[PDB]
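Visitor: Sharing a structure here in structure tokens format.
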Amino acid sequence: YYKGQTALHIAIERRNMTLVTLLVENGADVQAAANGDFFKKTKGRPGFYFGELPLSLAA
Amino acid sequence: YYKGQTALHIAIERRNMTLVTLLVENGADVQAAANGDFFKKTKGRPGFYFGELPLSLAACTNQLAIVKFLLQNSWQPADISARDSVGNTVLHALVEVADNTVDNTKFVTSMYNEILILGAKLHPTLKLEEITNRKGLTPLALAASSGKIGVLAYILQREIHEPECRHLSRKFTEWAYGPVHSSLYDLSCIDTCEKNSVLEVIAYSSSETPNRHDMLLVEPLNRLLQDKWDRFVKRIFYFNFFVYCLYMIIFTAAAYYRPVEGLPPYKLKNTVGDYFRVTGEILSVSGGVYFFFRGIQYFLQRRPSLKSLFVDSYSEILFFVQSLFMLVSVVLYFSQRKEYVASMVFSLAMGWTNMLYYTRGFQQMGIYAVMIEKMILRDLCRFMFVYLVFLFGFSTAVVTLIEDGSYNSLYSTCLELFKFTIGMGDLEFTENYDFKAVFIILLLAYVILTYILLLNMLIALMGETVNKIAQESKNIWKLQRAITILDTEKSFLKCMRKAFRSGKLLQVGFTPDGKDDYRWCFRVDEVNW
Ligand SMILES: CCCCCCCCCCCCC(=O)O[C@@H](COC(=O)CCC)COP(=O)(O)O[C@H]1[C@H](O)[C@@H](O)[C@@H](O)[C@@H](O)[C@@H]1O
């Protein structure tokens, strides 16, 4: 599952700066609880090993 | 003769586009029967091995303009699926002309992709890539069997990212999560094409294919072999190894405790040991018969020639030879002879030695055993001639130098000079014999030539050979594992289909017709930026 994968995560993930600026100005939260079983660690199964924070995506 | 060498053929051959255009517009036919003896295969003699069709010439000459021009003729349209005398089409021609070089690979790959997509657009209902020649080979199977590694590497993982064209792709990238990409490969006719899959033709080649070792290193095949290894083949192989070990132990126990009377057979008594002994003998002979029939089944299903039989498939030959020795032993056992012991011991020694066959499946042990096999075959045929020349020459010299009315035989002297190799030479094994100085000179010359110079040269040359087979050993081990996997899945002893990869997964969902498509896609995860 992809819990907490809000639009801000997708805009950052796709490297689409326009969406990032629009969502941020519209009030998208930064402290997102992106704790989806896919989006967390455990790289052995399919997953995303540097999630759980959109600033982690930004960096 | 140059039968069928029409003007269009010559215009294309000379790369004169003006003449080609004029002749085509004038109504020159495409289906030329360029079947002259010059235009046949066997390029060793003067000839032209990829003729018998002007489309084959147009594609093989790397001229896109001609092939794109013949798509819509003014008078007589061209047909890509036209077949020569041996069933080959343009795609088979493009496969055959390859020579496994970077530039040639680029040209052939480009022309193959362009001609295939153009044929698909012109005739979406026709699957050109699946058409077989007279030998029952698709261009993929032909490239794999003949040794065209470059074209094989292209075809197995080609992709087109365009609408109404991706359905022709082999590779896909359907899902991605940031840096993660989940590639798919359809891999039809690799696990099975109902006659000849890619793995079958690569692994069971006649040993003349130059790249049979390198083809299995490509991206999808190596992962498939590893997957089948990990899935079920690993367990069956280790089980077979364990069973064989038990068989050899039983055979050894039966041999060691054989009776010591004369003129077999020997009858059972009211004791208990005889029942264990005869049980071991029966199990041993049963194993021998099993390996006998395995050897025959291997031969019949392959029918290799002498130039392929004794340069390949050594393990099957050795197991069969073990079976022959055991059966000869059985015959002598019932024939009231003592000589059954000789064949039995040869069988026993060969069985224990053939225990090394199972080091395949273990990485380091398998590489080690392959190096040993190659450095036996390459080294004995070079070394033993030189050594035996020296040994026999000095043996005859010494034995004819000494004689009396004990070492008067060439056998004993050959032995005494052999001992100098294993560090037990005497330098004085006769006394009071004539020409003592000559005798000593001969022995010292033998020792210097053989013990001090020749064996050290053997060590040094083995060092060089070892340095030059670090990679060939890895490739050969991978090939041996491939043979093991293919044989295990082919037989499997249960008549069950466990070779499937992932099921009928909806890879594409599109064809030129308004239908979906399931293509047995195999997934591979990679990470990159
Ligand atoms: C009286 C007592 C006599 C004892 C005699 C003992 C002999 C030595 C015993 C050697 C033990 C190892 C073994 O028996 O196995 C070795 C064979 O070693 C020899 O060559 C023995 C020469 C003789 C591997 O056998 P394999 O059939 O796998 O060969 C491979 C093919 O499969 C594959 O297709 C490829 O072509 C690959 O390049 C091939 O290598």
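Along the chain as shown, residues are numbered 1 onward.
Header lists the method as electron microscopy, 3.7 Å.
Placement of Cβ uses the backbone N, Cα and C atoms for every residue, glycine included.
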Visitor: Pick from B:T89, B:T109, B:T430, B:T484: which does Swiss-Prot describe as phosphothreonine?
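Guide: Swiss-Prot records phosphothreonine at B:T484.
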Visitor: Membrane side check (same topological domain name in Swiss-Prot): B:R302 and B:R360?
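Guide: The record shows them together on one side of the membrane, with a shared topological domain name.
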Visitor: Where does Swiss-Prot put phosphoserine, among B:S183, B:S305, B:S409?
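Guide: Out of B:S183, B:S305, B:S409, Swiss-Prot attaches the phosphoserine annotation to B:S305.
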Visitor: Going by Swiss-Prot, point out which residue in B:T173, B:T359, B:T400, B:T421 is annotated as phosphothreonine.
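Guide: Among B:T173, B:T359, B:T400, B:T421, the residue Swiss-Prot annotates as phosphothreonine is B:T173.
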Visitor: Which residues of the same chain, at least 6 past either end of the repeat 'ANK 6' (B:138-161), have a Cβ under 8 Å from a Cβ in it?
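Guide: Sequence-distant neighbours of the repeat 'ANK 6' (B:138-161): 89, 91-92, 94-96, 98, 100-101, 104-105, 108-109, 112-113, 117, 129-132, 168-173, 185, 189-190, 193, 196-198, 201-202, 205, 209-212, 214-215, 218-221.
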Visitor: Taking just the CA atoms, what is the gap between B:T173 (phosphothreonine) and B:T484 (phosphothreonine) in Å?
Guide: 32
Visitor: Given the modified residues B:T173, B:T484, and counting only Cβ atoms in the protein chains shown, which has the most within 10 Å of its Cβ?
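Guide: Max Cβ neighbours within 10 Å, all protein chains included: B:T484.
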Visitor: For B:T484 (phosphothreonine) and B:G423 (Na(+) 1 binding site), determine the Cα separation and express it in whole Å.
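Guide: Rounded to the nearest whole number, the Cα-Cα distance is 42 Å.
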Visitor: What residues elsewhere in the chain lie close to the motif 'Selectivity filter' (B:423-426), defined as a C-beta under 8 angstroms and at least 6 residues from its ends?
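Guide: Contacts of the motif 'Selectivity filter' (B:423-426) (Cβ under 8 Å, skipping residues fewer than 6 from its ends): 416-417, 443, 447, 451.
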